[PDB]
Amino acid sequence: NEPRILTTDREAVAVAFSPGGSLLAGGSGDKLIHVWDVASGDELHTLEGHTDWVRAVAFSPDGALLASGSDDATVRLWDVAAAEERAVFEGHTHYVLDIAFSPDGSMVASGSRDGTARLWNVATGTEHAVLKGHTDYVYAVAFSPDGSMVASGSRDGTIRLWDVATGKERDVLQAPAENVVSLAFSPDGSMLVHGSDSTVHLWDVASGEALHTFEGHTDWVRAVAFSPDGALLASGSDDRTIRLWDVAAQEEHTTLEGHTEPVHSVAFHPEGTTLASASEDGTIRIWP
């Protein structure tokens, strides 16, 4: 079926649902974060303060805060209700390309072009750790659902796993011949998925071995997201499509067409009924 559309003046490169499902946050190239009421499709208050493109957004698990990463090299925290900048994190030397909120709510992770992943302490507003190892841009970061581990995806063709507590690297998953552009954990923590150029890979987390490769995209896969029950996987690509795959059977489920430009971010509704995609065509689409 056909989605709904929301419109931004500029490229929408990041999207996320509030934990309750009632709000939708959109990160854009107008240097703002837009917040929509999902039911009415009305645009609530905007979040301004970033000085460059907003590349990623994520809600706190309690839904009270929103974290954002930007090309201005900063990570900001926003009070959702008040639509206010609550904090600003500095340290990254280059564009911040991804962020993730810990399931705990106490930490934000960021990935940047400076070749590091950083962890920020939400309560104190300080840097908890800098994660060093990658030799190229870090395009994606994601927390393990138990909150103990963070995974980082880099252009150096590696996926690195670190202990959140100590900042220590635990594993390196090799993905050769490729730039890892996106990462996501399954909600059960058993699987990890990464987006590459035209391809989506599945990994068994306990083993660090590759389970399967999903073929069908014809361009860079910049966004991946697991459904809340882990059964479905969504991918966003430069080929303009969004693809759904059946995780257990490891086949194509369906292809979502409609975007006229690259899809930079994909996010499931917490109930699993809806998917949101953001595209360079300046639209956010909600698909059931």
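In case it trips you up, residue 1 is the first one in the sequence shown, and so on.
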Can you tell me which stretch has the higher mean Cα B-factor, 117-125 or 196-204?
196-204
261-269 versus 6-14 - which carries the larger mean C-alpha B factor in the record
6-14
Maximum C-alpha temperature factor per the entry, among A165, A142, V80, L97, belongs to which one?
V80
C-alpha B-factor winner, where the candidates are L47, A56, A223, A248:
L47
Quick tally, chain-level thirds of C-alpha B-factors: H134 sits in the middle
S40 - Cα temperature factor, lowest/middle/highest third of chain:
highest
Could you say whether, by C-alpha temperature factor, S70 belongs to the lowest, middle or highest third of its chain?
lowest
Entry-reported Cα temperature factor of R76, expressed as the chain third it lands in:
lowest
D188's Cα B-factor: lowest, middle or highest third of the chain?
lowest
